[PDB]
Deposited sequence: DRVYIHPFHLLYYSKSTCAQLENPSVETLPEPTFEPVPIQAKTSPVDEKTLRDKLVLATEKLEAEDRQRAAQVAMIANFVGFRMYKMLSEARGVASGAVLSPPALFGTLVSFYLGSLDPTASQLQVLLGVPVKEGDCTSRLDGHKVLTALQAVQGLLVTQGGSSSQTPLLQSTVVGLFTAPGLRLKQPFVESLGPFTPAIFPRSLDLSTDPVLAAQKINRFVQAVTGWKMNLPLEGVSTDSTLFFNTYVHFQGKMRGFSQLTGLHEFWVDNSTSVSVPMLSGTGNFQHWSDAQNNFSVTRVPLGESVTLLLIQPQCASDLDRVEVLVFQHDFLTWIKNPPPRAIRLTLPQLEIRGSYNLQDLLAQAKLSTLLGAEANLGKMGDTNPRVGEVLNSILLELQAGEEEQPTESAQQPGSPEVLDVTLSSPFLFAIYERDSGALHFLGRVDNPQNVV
């Protein structure tokens, strides 16, 4: 199970300045919108110059991100339902890696164990190098997007008067260049602060993120909010004009626009547990997995059996075949406070009251919430002969599961349940 490339190397661990701090500008300050095209350009350049070692490193980080992602999705299912769910294991993994990059001895060893990596109480070369991990995680993001958009902006919101340490904020660079430290009152009122954060995110990203705060604290001095926007314009598929019936529940249904494409996709059906997968290539390495249960009356049971478990043995590689796949256009919006998922795993004090985060600023900050908000989009992008006698149509017109997988890293990037696509 070596994670050798993630640990501190003897040369770096073999290696003082008083940390210079700064105060974020007010969250109301006018800010240039984010250019998602620029975020792709850089990510690509990041991939193109990867060495063999760097790809090996990305492979290791993917395993963990996947494993943690499964453990977190287990928590997320229990928390709750009508919309369904979406989780992004890398975005979620790098969020914790950031907190590790700002933590000290007690929390530093803990967060590392939460992230899966073993620690030796005394050894320095058994501790995670956060910078290596984040760059390795930047390799994973890059391999996903080489048409496919993956923007991740981080909103680092601070209570006014709290100064952040410059070295820390820099550390998080590989994770994303779209990090935004901003200051607001987190103790005046939670709803008012909530609308300030939303007003800012909307402004810069452009993405409307329908985010209900599941209440909020009034003694917080630091929010950490990761905002992912995947957009997959899928080749072969095209919009069908007019809406079409999707089956939501035993007594209710809705008519929504579907995209559709013929092609040589991989499709099979698991007999052991009564479901069927449909595998669509989004690109040269990316694959969209679509799982539909034999009957929608045990989608909960299949989900527990496929996602929640670490094994992707249920994933297979049989021969391609002519299939006319039909599925809804996706505007999946998800949002979850990671603090609540840790509470579900009974790790409330991990990033809670006594969490040692001394590297983050001049004063040890009280963390408010740790949001991850997704906008996952599948759309028409711009094969055998139309109406070939060998075309079995797989059609997803009722609750189904999805996952996005990248072969080089082995990274599961996105996964979730679609109970209703509006």
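Against the full deposited sequence, the model leaves out several stretches, namely 1-5, 21-27, 93, 160-167, 404-410, 451-453.
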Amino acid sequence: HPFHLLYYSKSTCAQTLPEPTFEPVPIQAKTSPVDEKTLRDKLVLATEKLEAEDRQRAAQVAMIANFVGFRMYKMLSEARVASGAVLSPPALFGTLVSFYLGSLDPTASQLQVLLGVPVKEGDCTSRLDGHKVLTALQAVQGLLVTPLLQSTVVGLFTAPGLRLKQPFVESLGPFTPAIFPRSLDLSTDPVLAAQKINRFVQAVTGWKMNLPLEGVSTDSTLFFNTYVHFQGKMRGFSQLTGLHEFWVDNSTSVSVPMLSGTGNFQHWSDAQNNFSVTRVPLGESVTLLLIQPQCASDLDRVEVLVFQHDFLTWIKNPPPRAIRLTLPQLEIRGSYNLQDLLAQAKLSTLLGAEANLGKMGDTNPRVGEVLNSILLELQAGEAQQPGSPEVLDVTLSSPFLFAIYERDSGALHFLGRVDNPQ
From here on, numbers count along this sequence of modelled residues.
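When 151-159 is weighed against 248-256, 248-256 comes out higher, by mean CA B-factor as recorded in the entry.
The stretch with the higher mean CA B factor, choosing between 261-269 and 284-292, is 261-269.
The PDB entry assigns its highest CA temperature factor, among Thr21, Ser398, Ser409, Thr16, to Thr16. Ranking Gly242, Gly130, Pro177, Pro90 by the C-alpha B-factor listed in the PDB entry places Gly242 at the top. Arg324 sits in the highest third of its chain by CA B factor, as recorded in the PDB entry. When the modelled residues of the chain are ordered by C-alpha B-factor, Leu415 sits in the lowest third. In the deposited entry, the Cα temperature factor of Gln385 sits in the top third of values across the chain's modelled residues. The entry lists a Cα temperature factor for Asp189 that places it in the middle third of the chain's modelled residues.
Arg333 sits in the lowest third of its chain by CA B factor, as recorded in the PDB entry.
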